[PDB]
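First structure 1, then structure 2: two forms of the same chain, each alone, as structure tokens.
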Structure 1
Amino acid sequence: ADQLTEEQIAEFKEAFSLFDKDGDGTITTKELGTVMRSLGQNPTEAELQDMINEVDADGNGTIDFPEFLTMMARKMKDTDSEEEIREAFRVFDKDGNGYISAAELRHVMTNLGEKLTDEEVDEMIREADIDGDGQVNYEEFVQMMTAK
């Protein structure tokens, strides 16, 4: 939390929900793998376990919200962060026009079993929509995933 802006924190609150499949309040190594693979990533089992252990501050084997924020902050500094962020953007920009629309955001959420509401989709876009065109372009997506 001490490394992120209030907007990033807001976005990640929703992202935490995407990773928490069963919705038990914590993210497991398995859930992390499934969701990351769905978001254009391809981490090995050892890399997933390291990701968890590195920010699992209370050593309970799972990741809660505060620990998740730490994971996201560190992720933004990965040596291959640019590539990872590009691959994630690709997953959202289904029609490849360079913009993530509300329809495309709803599609990713629904594919991830995440129930949604228009108000929720509007807020997610609003938090990253710098030029205010109602969509999230690559530059805006990168900014949201940039450590400040």
Structure 2
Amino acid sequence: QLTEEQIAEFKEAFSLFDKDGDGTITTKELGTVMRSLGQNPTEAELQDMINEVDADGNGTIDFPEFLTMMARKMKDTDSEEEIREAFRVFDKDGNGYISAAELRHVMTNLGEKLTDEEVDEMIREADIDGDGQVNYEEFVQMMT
């Protein structure tokens, strides 16, 4: 279930999309965030994504709508290729392992200021075999 810790974290992630801090994620914001992650959606793809999550239909995504999206547990088979694309934005050198430096670079791009203590802790929580890196298998589980 949702712990007060998970709720605080989803707020940090929300504020990454909410660049202006106005309390809503607009199509413009989603777009600049996706371009940081090497993606490039059209104005149409951005309206559809917002639509898939926008419950009240006001064209924007607030914390409630965001939290609901994040809270719903999605399983594999339902877009396995999407998870693979996500893995690739992190595994910059394509060697199969998300290193601590690769996670930090992705976060730097998103505007997140992270300390060495924070990058290792994110790695630690996803790392299963304890090699201090995240391979595709470990990455998949974190999602599901």
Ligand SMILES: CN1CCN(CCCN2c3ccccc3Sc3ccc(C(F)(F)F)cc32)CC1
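We call the rigid core whatever largest set of C-alpha positions still superposes within 1.5 Å between the two forms. FYI, numbering is relative to structure 1, first residue = 1. Residues that one form lacks are left out of the comparison.
> Sort out for me whether 1 or 2 is the form solved in complex with the named molecule.
Answer to the question: structure 2 is the form solved in complex with the named molecule, whereas structure 1 comes from elsewhere.
> Which of these moves by 2 angstroms or more at the C-alpha between the two structures, core superposed: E67, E104, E120, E114?
The one that shifts is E67.
> Taking the rigid core as reference, does the Cα of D93 move 2 Å or more between the two structures?
No, its C-alpha moves less than 2 Å.
> For a quick test of reading the superposition: does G25 move by 2 Å or more at the CA between the two structures, rigid core aligned?
Comparing forms between the two structures, the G25 CA shifts at least 2 Å.
> Superposing on the rigid core, does the Cα of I130 end up 2 Å or more away between the two structures?
Moves: no, less than 2 Å.
> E82: how large is its C-alpha shift between the two structures, with the rigid core as the superposition reference, in Å?
So the C-alpha of this residue moves 0.9 Å.
> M36: how large is its C-alpha shift between the two structures, with the rigid core as the superposition reference, in Å?
C-alpha shift for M36: 4.4 Å.
> Which stretches of at least three consecutive residues shift by 2 Å or more at every Cα between the two structures, once the core is superposed?
Residues 3-70, 72-81 form the shifted runs.
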